[PDB]
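Make a model of this:
(chains A and B)
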Amino acid sequence: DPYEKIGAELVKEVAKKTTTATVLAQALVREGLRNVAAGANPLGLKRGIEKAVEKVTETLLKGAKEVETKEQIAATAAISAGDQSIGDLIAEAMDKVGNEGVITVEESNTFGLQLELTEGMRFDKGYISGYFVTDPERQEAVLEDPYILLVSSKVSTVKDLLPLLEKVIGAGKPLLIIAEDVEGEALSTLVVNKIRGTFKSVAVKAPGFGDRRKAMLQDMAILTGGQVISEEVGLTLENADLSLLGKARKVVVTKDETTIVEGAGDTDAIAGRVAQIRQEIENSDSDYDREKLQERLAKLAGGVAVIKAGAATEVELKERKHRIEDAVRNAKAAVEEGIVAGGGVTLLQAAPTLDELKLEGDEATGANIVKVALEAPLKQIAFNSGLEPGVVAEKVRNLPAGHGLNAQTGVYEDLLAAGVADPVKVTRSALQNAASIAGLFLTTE
Amino acid sequence: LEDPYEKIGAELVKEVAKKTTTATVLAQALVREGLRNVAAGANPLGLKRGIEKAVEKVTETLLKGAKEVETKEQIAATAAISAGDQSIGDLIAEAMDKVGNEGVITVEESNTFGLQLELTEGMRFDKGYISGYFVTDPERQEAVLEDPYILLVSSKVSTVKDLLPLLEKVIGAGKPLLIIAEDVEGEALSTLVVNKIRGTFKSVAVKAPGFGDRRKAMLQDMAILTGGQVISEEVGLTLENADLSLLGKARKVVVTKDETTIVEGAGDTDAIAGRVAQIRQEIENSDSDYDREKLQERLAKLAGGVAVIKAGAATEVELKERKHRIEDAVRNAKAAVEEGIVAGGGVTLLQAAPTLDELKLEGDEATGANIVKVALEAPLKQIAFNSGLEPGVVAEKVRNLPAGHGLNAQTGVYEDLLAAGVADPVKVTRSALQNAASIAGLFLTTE
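Numbers count the residues shown, from 1 in each chain, chains lettered A, B, ... in the order given. For reference, the structure is listed below:
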């Protein structure tokens, strides 16, 4: 134990950086070293673990139960949520906006969970600097009812926008600067003013590159109400009015993305822009350009669903806001790859798929270390309810593909039907993580 | 009448200047005099070196007196001359402003009667197709692909047992397939060229640019741009087991005799941005000039992009010529920017001859340099003739005209040709001389 402990504990650290994943990494590393203590080369076991995972992955992606119906989806969403009002509500949000739609959860003052489908957008671009982060706990930058500034050129000088910024301050409203880029004295002036509590802003880089990013800025302009300050279409920033700036009720900016909630753009105005693109998709001359415009239109028209959480206590709101959020991405994940049996059942009956490979020498061992780890997820559950490590594992190891032992129920019955499940992606991802962490523990130290 | 020998020799110079115009007229005169001197008992070699010393002096004289072309207004106006059109010039200056002076700038056929300018992601390198049979536009000697998948292989490809499993999954997409690998060897090659002629499966094969590690880096750069993994059996990615998930995507690929251009890849703006940052920082942690030179080079391909001037017309005759006016203009602007611009109408080479007086030469070195003094007035004297004006006469008039003033072969109105839009990239002029002197030194050596 003494060394394995100082090892496993060390494995609890790496894992905790971004729990089946965790338990598996510890179930891989120790079982790895015990074989490295026999004199088996790590690059030999690693090679056997990697290959072993590959096979275990198809096994999960093949034995996956599809999810399409507003019934099934609601169920998934309902699981992770630990609630039906959330599962039903998340299935309704995906019903409207779509499976791949933009669902935004937000904690509200009202009592019951609300849904709301408003005009809005989200693109693949986070804040330029993490200093803009308002809620450090979620490393996010939320702006309440801000003005939106669109700039197709780069912003570096402060003195060009300053006149407009002055009106924004006087407006007593925050700002979202979406420009080609925001650097230099400009970027710093924004940050400092934000820290000083002087001026509430978030800088974000436009979506794409050249012409196609300049058309997206337009979609945002139209959605938001504002008008892209383009030195080529329009004039200089000097003589500006607040009317050039779009507005929204909330802008959420994270490390990787920016969501605009309820653009102030004319509904009829957005509809026309959606139409304009709808024609380009037909007058298109390329499949590539066709698929790009399709998504561009997909956003403007798709809107942004919002799920407001019921108040009670600061501690409740927060968590409740996260649980729904998790249930959304969990239910969004299930529809993406399918679902698999709850508990550690799916991972057990995954080992007998390793035998169908070329089990050789060291690698075969590495591959066996996995057939061991795959039995770690269930072991923990058993260790919990207070049962026999081996017997629980063994008994399950026998039952038909899709039958295992739930806690609350404590019955060697069907797990999936019993309302117990895991998104294959979530399960299959855990595994790929463990292998990835175990892969550092072999090569490095 | 002209001397038979001098003609049999003047024709010979033309046909040579063909494979390798102002240079032709220039060389012909350099050779015409050399012969007369050699016949009069002058050492060829001695006569030659005198020509060389002479040219370098004139090469330096031209370059110094070059009306610097730097502002957009300038560029746009240079090109306006090479295209005899303002809008065509203005747009090129624009394309040169966003993609950068030395930046990629292609001209594409437009289904729209006008002239549009697209700016997107993408890059170009100095590597043509391995096989010419891949060509799709026999006129332009190019192989163009629509929505082409990109397969990046960091290793030479010869076998067939590995590609088929992938190529099939590609055929199902109903989409072309640009493949960049260390090379495409005889076997799999035919598999590509054949299925391509059989129209079974359209595709092209370009050899990756670079060497060893330096190359794998560029393939990675193209991986990041297009949005696809690089096939590398050493790491853990086997070509045998591959899906579209690995391959990358683009809108328009164009492969020529010795160049590949990819128009807008499918990689994320983050990914692409990271490689740019990674390189920018890599350049800063490096102190090696070679290393940093090659890094800025790779940075420009990623951060640069590609301009696409869209030239619309009706008839194919005008469409292909419109697509040449612009192309030619683009290269002139790029050239004007490199070494400056100067007065056209073959007026500078004449007004340059006096500089050779600053050169003290003895014997055949003096004669060699004095053949040039004469040869330098050839281009103008030639333009003069094809106008119906006595060559000599105009040669003298211009000689006594202000620096930059000469006969305008269009309107015949002696004036400031620079102000008259009668200019030339000193690059084009300097090279004309250099080549003319290169050919001449041949007819005064080889047998």
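
Whichever residue of the stretch 301-445 of chain A sits closest to chain B: neighbour count?
Taking CB to the nearest CB as the measure, the stretch 301-445 of chain A has residue A:439 as its residue closest to chain B, at 11.2 Å. For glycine as for every other residue, the C-beta is placed from the backbone atoms N, C-alpha and C. A count of nearby residues for residue A:439, using other CB atoms under 10 Å in any protein chain shown, gives 20.

Secondary structure element holding it?
Here residue A:439 sits within helix A:424-443, counting by DSSP states H and E.

quick one: buried residues of that helix?
When neighbours are counted by 16 or more other CB atoms under 10 Å in any protein chain shown, the buried residues of helix A:424-443 are found to be A:424-435, A:437-439, A:441-442.

Stretch A:283-298 now?
Those would be A:288, A:289, A:292, A:293, A:296, A:297, for stretch A:283-298 by 16+ other CB under 10 Å.

can you check stretch A:322-333 too?
For stretch A:322-333, burial by neighbour count (16+ other CB under 10 Å) applies to A:323, A:324, A:325, A:327, A:328, A:329, A:330, A:331, A:332, A:333.

okay if I get those residues as JSON lines plus secondary structure?
What follows is the buried residues of stretch A:322-333, written out as JSON lines (DSSP: H, G, I helix; E, B strand; the rest coil):
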{"residue": "A:323", "secondary structure": "helix"}
{"residue": "A:324", "secondary structure": "helix"}
{"residue": "A:325", "secondary structure": "helix"}
{"residue": "A:327", "secondary structure": "helix"}
{"residue": "A:328", "secondary structure": "helix"}
{"residue": "A:329", "secondary structure": "helix"}
{"residue": "A:330", "secondary structure": "helix"}
{"residue": "A:331", "secondary structure": "helix"}
{"residue": "A:332", "secondary structure": "helix"}
{"residue": "A:333", "secondary structure": "helix"}
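
Need these in CSV (columns: distance to residue A:142).
Formatted as CSV, the entries for the buried residues of stretch A:322-333 read as follows, by distance: CB to CB, whole Å:
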residue, distance to residue A:142
A:323, 19
A:324, 17
A:325, 14
A:327, 21
A:328, 18
A:329, 19
A:330, 23
A:331, 24
A:332, 22
A:333, 25
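
if we can go back for a sec, adding distance to chain B and secondary structure, write the buried residues of stretch A:283-298 out as a markdown table.
Putting the buried residues of stretch A:283-298 into a markdown table (distance: CB to the nearest CB, whole Å; DSSP: H, G, I helix; E, B strand; the rest coil) gives the following:
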| residue | distance to chain B | secondary structure |
| --- | --- | --- |
| A:288 | 4 | helix |
| A:289 | 6 | helix |
| A:292 | 9 | helix |
| A:293 | 12 | helix |
| A:296 | 14 | helix |
| A:297 | 18 | helix |
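
quick one: stretch A:371-386 to chain centroid distance?
In terms of CA atoms, centre = their mean, to the nearest Å, the gap separating the centre of stretch A:371-386 from the centre of its chain is 27 Å.

Next, the buried residues of it.
Neighbour-count burial for stretch A:371-386, counted by 16+ other CB under 10 Å, picks out A:371, A:372, A:373, A:374, A:375, A:376, A:377, A:378, A:379, A:380, A:381, A:382.

Now intersect those with the helices, please.
Counting by DSSP state H, the members of those that fall within helices are A:371, A:372, A:373, A:376, A:377, A:378, A:379, A:380, A:381, A:382.

close enough to count as contact, the first one and residue A:357?
It refers to residue A:371. No - applying CB atoms under 8 Å, one finds residue A:371 not in contact with residue A:357, separated by 11.0 Å.

anything in contact with each of these two?
Taking CB atoms under 8 Å, 6 or more residues apart in numbering or on different chains as the contact criterion, the common neighbours of residue A:371 and residue A:357 are residue A:52.

Tell me which residue of chain A lies closest to chain B.
Taking CB to the nearest CB, chain A has residue A:210 as its residue nearest chain B, at 3.6 Å.

so what's that residue closest to, chain neighbours aside?
For residue A:210, ignoring the flanking residues on the chain, the nearest one in space by CB to CB, 6 or more residues apart in numbering or on different chains is residue B:119 at 3.6 Å.

any idea how chain A splits into domains?
In terms of domains, chain A is parsed into A:1-65+A:339-445, A:66-118+A:304-338, A:119-303 (source: curated CATH domains).

Assumed residue A:301 was part of a strand.
No - in this structure, residue A:301 is helix, not part of a strand, as judged by three-state DSSP.

mind checking the end-to-end distance for stretch A:232-251?
End-to-end distance of stretch A:232-251: 27 Å, with CA to CA, to the nearest Å as the criterion.

give the contact list for the residue nearest to residue A:210.
Applying CB under 8 Å, 6+ apart to residue B:119 gives the contacts A:209, A:210, A:211, B:95, B:98, B:99, B:305, B:306, B:307, B:308.

and the third one, that's in a helix?
Meaning residue A:211. Yes - assessed by three-state DSSP, residue A:211 belongs to a helix.

Would you map the strands across the stretch 201-350 of chain A?
A:201-205, A:246-253, A:258-263, A:304-309, A:339-341 (DSSP state E, counting those that start in this stretch).

Partner strands of the third one and their direction?
This means strand A:258-263. Paired strands of strand A:258-263, with direction, are strand A:120-123 (antiparallel), strand A:246-253 (antiparallel) (DSSP bridges).

next helix or strand past the first one?
The one in question is strand A:120-123. Along the chain past strand A:120-123, the next helix or strand (assigned with DSSP H and E) turns out to be strand A:141-144.

Kindly export that next one (C-alpha atoms) in CSV.
Presented in CSV, the C-alpha positions along strand A:141-144 are these (Å, rounded to 0.1, in the frame of the first residue of the first chain):
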residue,chain,number,x,y,z
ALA,A,141,-18.3,37.3,-18.3
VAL,A,142,-21.9,38.2,-18.0
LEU,A,143,-23.2,41.6,-19.2
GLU,A,144,-26.7,42.7,-18.0
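
now that strand, how far from the chain's geometric center?
Its chain's average C-alpha position is 19 Å from that of strand A:141-144, according to CA atoms, centre = their mean.

ok, now stretch A:287-300?
Relative to its parent chain, stretch A:287-300 has a centroid offset of 22 Å by CA atoms, centre = their mean.

just stretch A:337-344 next, same as before
Relative to its parent chain, stretch A:337-344 has a centroid offset of 19 Å by CA atoms, centre = their mean.

Just the endpoints, please. Distance across it?
Between the opening and closing residues of stretch A:337-344 we find a distance of 18 Å, counting by CA to CA.

Do you have the strands of the stretch 1-150 of chain A handy? List them.
With strands called from DSSP E, counting those that start in this stretch, the stretch 1-150 of chain A shows them at A:102-107, A:114-118, A:120-123, A:141-144, A:147-155.

Direction included, what does the fourth one pair against?
Partner strands for strand A:141-144, per DSSP bridges, with pairing direction: strand A:246-253 (antiparallel).
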